[PDB]
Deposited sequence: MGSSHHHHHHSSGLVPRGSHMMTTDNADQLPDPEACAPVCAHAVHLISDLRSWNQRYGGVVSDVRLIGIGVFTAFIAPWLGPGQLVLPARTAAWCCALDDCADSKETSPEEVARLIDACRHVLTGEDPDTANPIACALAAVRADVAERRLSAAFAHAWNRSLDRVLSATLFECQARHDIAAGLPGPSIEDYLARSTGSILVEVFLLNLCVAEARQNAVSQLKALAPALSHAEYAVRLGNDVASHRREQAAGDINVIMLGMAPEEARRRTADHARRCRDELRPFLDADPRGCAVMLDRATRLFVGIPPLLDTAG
């Protein structure tokens, strides 16, 4: 059973974070569904239990922002063309421009980006942050297009292309990059680069595992993969991620690799 003493402050972090996210959300129009806000608050705290609540704010809001984008693009009335225009406006926000749209998703992005900038980290971290969000934007448009295509009688993407392109919306990288910087600040970029092979396996495991569980939604099972095969591959990727992490976990029990190991084990374990 989880140790009560180890859990107690982690539970308390979660309560503060869930409350923060409700306020931030209402500040930006109610862009994210409440149940996702709750999940982000709980899981952020359990990924990195040694961080203070103040260090968890950025990561949690950045993840919440990604969930809004996903909700908006999951509308039945919006076209891939409409989603692409929203995506474009967000990419312009990432370069530092003010939103060229009244869509509150773009406003919320500019707010969270400003929060990052306030801590004046290197060209390199700001770059890495933008890139991670550009992956989420690309993956979102990919999934939207795929849903539109299937509903228009097209075959939709191949299974391997789906896995390669939809892993960008899995968020693990967003949690990792944003939490790692609190702990490692200036060294986070290099640590993140080193974890790329493990991170790729963690992403595939969580995508596969999520898809098996959910089985409008496009998923790997409706594309033709058998549930037992999606379960097999989830486990196989999870093991490969752990094997890639072992040398880092041995060197530091409170570093970025541990955060990746915890996130993967938390998200595969649901």
_Deposited positions lacking CA coordinates_ = 1-29, 245-250, 306-313
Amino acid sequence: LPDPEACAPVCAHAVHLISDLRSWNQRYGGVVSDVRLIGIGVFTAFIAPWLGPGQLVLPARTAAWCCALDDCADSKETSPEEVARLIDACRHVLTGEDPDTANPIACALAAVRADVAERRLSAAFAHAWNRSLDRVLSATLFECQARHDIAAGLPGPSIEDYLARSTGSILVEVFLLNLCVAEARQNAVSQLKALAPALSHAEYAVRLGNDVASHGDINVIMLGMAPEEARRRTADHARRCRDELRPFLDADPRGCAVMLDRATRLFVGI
From here on, numbers count along this sequence of modelled residues.
*Segment of higher mean CA temperature factor, 78-86 or 169-177*: 78-86
*Would 100-108 or 117-125 have the larger average of its C-alpha temperature factors, as given in the entry?*
117-125
*Taking the Cα B-factors listed in the entry, which of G54, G39, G209, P59 comes out highest?*
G54
*With respect to the C-alpha temperature factors reported in the PDB entry, which of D217, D236, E203, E229 ranks highest?*
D217
*For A146, the third of its chain into which the C-alpha B factor falls*: lowest
_Please say which third, lowest, middle or highest, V32 falls into when its CA temperature factor is compared across its chain._
highest
_Sorting by Cα B-factor within the chain, modelled residues only, which third would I270 end up in: lowest, middle or highest?_
highest
*Sorting the chain's modelled residues by C-alpha B-factor, tell me whether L21 ends up in the lowest, middle or highest third.*
highest
*Can you tell me which third, lowest, middle or highest, the CA B-factor of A213 falls into for its chain?*
highest
